[PDB]
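**Student:** so I've got this experimental structure, pasted below with the sequence.
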Number of protein chains: 2
Amino acid sequence: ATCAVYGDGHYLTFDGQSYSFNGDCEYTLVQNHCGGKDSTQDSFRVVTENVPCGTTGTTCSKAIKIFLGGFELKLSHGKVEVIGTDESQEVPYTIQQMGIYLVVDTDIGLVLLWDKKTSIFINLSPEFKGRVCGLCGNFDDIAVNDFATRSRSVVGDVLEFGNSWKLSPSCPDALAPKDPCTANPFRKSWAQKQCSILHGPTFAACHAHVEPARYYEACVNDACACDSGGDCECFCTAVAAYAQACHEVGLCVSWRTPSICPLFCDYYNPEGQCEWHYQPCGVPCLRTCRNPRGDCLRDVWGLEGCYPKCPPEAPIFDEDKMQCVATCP
Amino acid sequence: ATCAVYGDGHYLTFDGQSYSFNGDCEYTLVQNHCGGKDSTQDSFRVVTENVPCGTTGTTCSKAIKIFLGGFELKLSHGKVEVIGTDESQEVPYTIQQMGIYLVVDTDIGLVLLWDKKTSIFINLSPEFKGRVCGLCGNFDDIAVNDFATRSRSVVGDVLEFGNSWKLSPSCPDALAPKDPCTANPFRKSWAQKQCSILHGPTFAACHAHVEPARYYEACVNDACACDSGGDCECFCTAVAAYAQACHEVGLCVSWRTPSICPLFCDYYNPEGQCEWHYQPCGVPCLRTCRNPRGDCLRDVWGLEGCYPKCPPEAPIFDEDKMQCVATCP
Ligand SMILES: [Ca+2]
Ligand SMILES: [Ca+2]
């Protein structure tokens, strides 16, 4: 159970519902109290804005704003921005970047994952079941009642469900998308050649467990649509979505190849030093000044991305100068 | 003095002449005896074929064939293929891959550099001056007489000069190219943003020496034209052309950034081992079973690409399993 918003309008609910829509507006994914009685009076809210990326019109998210007790977080250009420093209580969120994921976790039990480019995953702890409303549907493990359109009513119109959670009072109404591959037929051969890796023998373990046909067509559509420049990032995000979906099951897999989506972990390594090896499965509990060896958050998973390989001498990471120091003074 | 064929129809002669043309045919760059008296009776010849890469019609080279004493080399799909094993004399060429360059050298003194995708550079030793004919012009350090169109005549028509060196008797005549950026105006902003790095402070050392305006517009044109997919490779080749042109002067520079054209030298490193650090300047003389420490070819330059960093124990490279073994048994 985890919200899966990625690429161009691909969504997967907690209860396991897959739909699609595109719209250039502001939307909220997770709300507290559903606008009613404030039971826990926390009023958590996560919102996002879509920009017309790509000439096909298939917009993708650009910025994410998080509201928590009068505290606001702005995510844009790969840098975290905070607006509003309430002089009460304290900081309730932790900002941590792991691999190619930007992770923010709340003391309430809310965990968000950010690829810093397009994708985003939201998971909810079981104590908040049912009483959550948004585009991700009610967290009740029932794919039937996940279409509550701000009025406790389930409607078969995915477009109506998506439009019901717009934020700007004066914002253009979203509409059904076109066919990216029919729009760009000349890219179809290259797109199929690139996205065929998912059905290749490398991902056979996940193929034997889940059905990647939806993710396969998602990769094809994303590659077809991405035509204004930098299609490599579109393809990499499309693949990494299914990679994470397989990883969260529990069985680690490896899919990176120097010809496709190549990381450059050597760059962070300074001169005369080599302590950054890519970890496919995902690093276990680490040690650093902020998070000691004995302390770790197990709600996170292996994920992916370059991680430092600190020497046995000074294995603690610093997180301020991106190196392994013995201890932060 | 070095032939510089790269991207989509970009050529620079030994004597320093820059022109451009595109054509889907077979052409010869360097010929021996110019079809006349065989002085050294070596009859060296390098030929190439152009394929309609990209929807703009700007073709780029795909395969290179080398003729040397009845020995033929086929270069396609990133793998070297040899056709014709004469049962006389011996092998006169050495096939070696260094960094992101595939290098073949002849005992005569001919050196070729291959990026395995599009680009190619040809240098000539001084003993072969003047008596060489081809698209690269006569090797006499004179930009005036480099337009010999197979008849010892210089013609101001670059198109005519290019067509005069076609090989297939029945092959379509080449024509002047269009404007890639006018063809794809929506890509102009992204292309300028990507190609502006050359004029950025990183390459100021070469900016203070050579004039990169031609290379700047070449990068812009290449990024504009590359639209059928994989524009990242087009941009990377366009940048690396100027990078090599600056490197051959003598002053080493660094331009790689994990956000742009990122190498994945970590991949070659096996588990528990980190002995592949990217070298910007280019590795000095190496040691291996084929080429010992005392033996090295100094005609080559630093170039670029991932190189192994063998430990002080077993520093010899094997070249058969891509690792550093003590000595080949
Ligand atoms: Ca539901
Ligand atoms: Ca000349």
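**Tutor:** Perfect, thanks for sending it. Numbering: from 1, shown residues only, chains lettered A, B, ... in the order given. Ligands and ions are numbered 1, 2, ... in the order given.

**Student:** which phi and psi does the spatially most central residue of chain A have?
**Tutor:** With distances taken as C-alpha atoms, centre = their mean, chain A has residue A:120 as the residue nearest its mean C-alpha position (1.8 Å). Listed backbone geometry of residue A:120 is phi -160, psi 140, with angles given as degrees, to the nearest 10.

**Student:** what's opposite it in the beta bridge?
**Tutor:** Taking DSSP bridges, one obtains residue A:5, residue A:114 as the residues bridged to residue A:120.

**Student:** chain B contacts on the stretch 51-200 of chain A?
**Tutor:** The stretch 51-200 of chain A comes close to chain B at residues A:55, A:186-187, A:190-191, as judged by C-beta under 8 Å from any C-beta of the partner chain. For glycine as for every other residue, the C-beta is placed from the backbone atoms N, C-alpha and C.

**Student:** wait, residue A:132 sits on residue A:31?
**Tutor:** Yes. Assessed by C-beta atoms under 8 Å, residue A:132 is found in contact with residue A:31 at 6.8 Å.

**Student:** all strands in the stretch 151-300 of chain A, in order from the N-terminus.
**Tutor:** For the stretch 151-300 of chain A, the strands defined by DSSP state E, counting those that start in this stretch cover A:276-278.

**Student:** mind listing what's buried along the longest helix anywhere in chain A?
**Tutor:** Counting by DSSP state H, the longest helix found in chain A is helix A:231-247. Buried residues in helix A:231-247, counted by 16 or more other C-beta atoms under 10 Å in any protein chain shown: A:231-232, A:234-247.

**Student:** nearest to residue A:207, of these?
**Tutor:** Nearest to residue A:207 among the buried residues of helix A:231-247: residue A:246, at 9.3 Å, using C-beta to C-beta.

**Student:** count the neighbours of the closest residue to the closest one other than its chain neighbours for me.
**Tutor:** Nearest residue to residue A:246, sequence neighbours excluded (C-beta to C-beta, 6 or more residues apart in numbering or on different chains): residue A:206, at 4.0 Å. Residue A:206 has 21 neighbouring residues, counting by other C-beta atoms under 10 Å in any protein chain shown.

**Student:** circling back: farthest pair in the buried residues of helix A:231-247?
**Tutor:** Spatially, the most separated pair among the buried residues of helix A:231-247 is A:231 and A:247, at 24.1 Å (C-beta to C-beta).

**Student:** given the longest strand seen in chain A, what are its sheet partners and their directions?
**Tutor:** Counting residues, the longest strand found in chain A (DSSP state E) is strand A:60-68. Applying DSSP bridges, strand A:60-68 is found paired with strand A:45-51 (antiparallel), strand A:71-76 (antiparallel).

**Student:** reformat the ones you listed as a markdown table; add distance to residue B:301 and mean neighbour count.
**Tutor:** Below are those laid out as a markdown table (distance: least, C-beta to C-beta, whole Å; neighbours: other C-beta atoms under 10 Å in any protein chain shown):
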| stretch | distance to residue B:301 | mean neighbour count |
| --- | --- | --- |
| strand A:45-51 | 44 | 18 |
| strand A:71-76 | 42 | 16 |
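
**Student:** please dump these into a markdown table; it should also carry distance to ligand 1 for every row.
**Tutor:** Converted to a markdown table, the strands paired with strand A:60-68 look like this (distance: least, C-beta to the ion, whole Å):
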| stretch | distance to ligand 1 |
| --- | --- |
| strand A:45-51 | 18 |
| strand A:71-76 | 27 |
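
**Student:** between these, which gets nearest to ligand 2?
**Tutor:** Nearest to ligand 2 among these is strand A:45-51; the distance by C-beta to the ion comes to 52.8 Å.

**Student:** how big is the angle separating the longest strand of chain A from helix A:231-247?
**Tutor:** 50 degrees (axes from the mean of the first three to the mean of the last three C-alpha atoms, to 10 degrees).

**Student:** nice, that's everything, thank you.
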